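Just the one chain here, the form deposited in one PDB entry, laid out as structure tokens.
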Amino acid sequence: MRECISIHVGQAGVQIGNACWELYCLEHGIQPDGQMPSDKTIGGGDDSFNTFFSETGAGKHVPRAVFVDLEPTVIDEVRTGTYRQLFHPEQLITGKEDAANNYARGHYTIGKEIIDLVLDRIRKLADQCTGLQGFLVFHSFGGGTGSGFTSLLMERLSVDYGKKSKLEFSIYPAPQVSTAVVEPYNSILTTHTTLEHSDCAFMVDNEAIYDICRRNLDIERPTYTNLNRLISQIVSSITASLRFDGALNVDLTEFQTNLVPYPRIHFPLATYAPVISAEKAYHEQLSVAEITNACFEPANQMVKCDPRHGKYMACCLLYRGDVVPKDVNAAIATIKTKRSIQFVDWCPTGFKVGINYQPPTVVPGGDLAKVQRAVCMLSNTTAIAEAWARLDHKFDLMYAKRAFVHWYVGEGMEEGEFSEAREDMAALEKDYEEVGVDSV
């Protein structure tokens, strides 16, 4: 079967997982308490899709997920919330303090004594799996528990499951908006884990999603619920190829084969085109060409970077709903003529295309309108280097005076390791600047 395991680390991961599992349960017709009346009414089909759920003899469906965090305060909301009966009781809470925005704490002084249990639960989930394809690790840069425990967990998973894919859906610090003082240290220290052990790291920015919510959706005071719902929509669009039928399906291995030219540049941007309110859902055709053009607009990107300041090297478009390949080919032909959208000379093919028949689903109480057609773009571009460089500057401004360093070295961290991470990160920037140069 086609089966993927989701892992949520930290508060950001837990809340994004709440949104994601709300979306999946709405998609597959599973009630919050795990039952599905559809199978009893029909007596056929395969709506208990193995991509995310496991069936028991009583008709109850258990999600293939593991929630991890050192704070008990965010998981206990789930354990006493609406979905308390959906998940297995093994929610893996560490009954201690948080990593407290310290990478060292989350990594190797309190992240231990729970990593063994987490790996045991992951092994238990994988043993029930027959055709396990990859992992979907949700976390967030900048935080302590997220960065540190993700580093430890990905290292152990690469040791144990070195062949399987490992996708990341992480949140990157914004240029100006941030909710922590020591955030750049954790974000820079996360470079080793997001480089060596990750196979394809998707990054999003809070400022960009706030701008999208303000402009497109006309929500002037959005909260984290809207951000989590948008990220859930993108993840569902990525993963839909393994569940529903389609004219052209795209597996995870196909993503990894088409999007990354070289091993070290697996950091693509992601975006979602038909983000529009119900009021503005009218007055708009929302054809294939319009959404395909809306993908390339610099204002709709979910990371505060300018694609116009770089060169595209690999694009992948996943269409959902009433989409025919003729319109997609016409849209690609229209795109290739525009001069603002510059492609590297060494990738003349350009685009990967996938189409799926299942349209998007509207979450009740949400903000996205019902749309017959939708598309999700993944794009490998050099402009992401800009989104790194600014953060790099911030790190220097705090490392010149060794500010906040004593907290990290008080938990089994060598000071020089900071520099080591910085050095590695610098190489990444140069590597990106190496690939965008025109051939000779």
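So that there is no doubt, residue numbering starts at 1 and follows the sequence shown. Take the two forms, find the largest set of C-alpha atoms that superpose within 1.5 Å, and that set is the rigid core. Residues that one form lacks are left out of the comparison.
Beyond what is shown, the protein has a form deposited in another entry; the following relates to that form.
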Worksheet, complete the sentence: Core-aligned between this form and the one not shown, the sole member of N356, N102, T194, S232 showing a Cα shift of 2 Å or more is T194
Discussion item. At a 2 Å cut-off on C-alpha positions, does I93 qualify as shifted between this form and the one not shown after fitting the rigid core?
Written reply: yes
Discussion item. At a change of 3 Å or more, would you call the C-alpha separation of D69 and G95 in the other form closer or farther than in the form supplied?
Written reply: closer
Discussion item. Can you confirm the direction of the Cα distance change for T193 and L230 in the other form, closer or farther than in this form, given it is 3 Å or more?
Written reply: farther
Response to the item:
Stretches of at least 3 consecutive residues with Cα shifts of 2 angstroms or more throughout between this form and the one not shown, after core superposition, read in sequence order as 91 to 95, 192 to 194
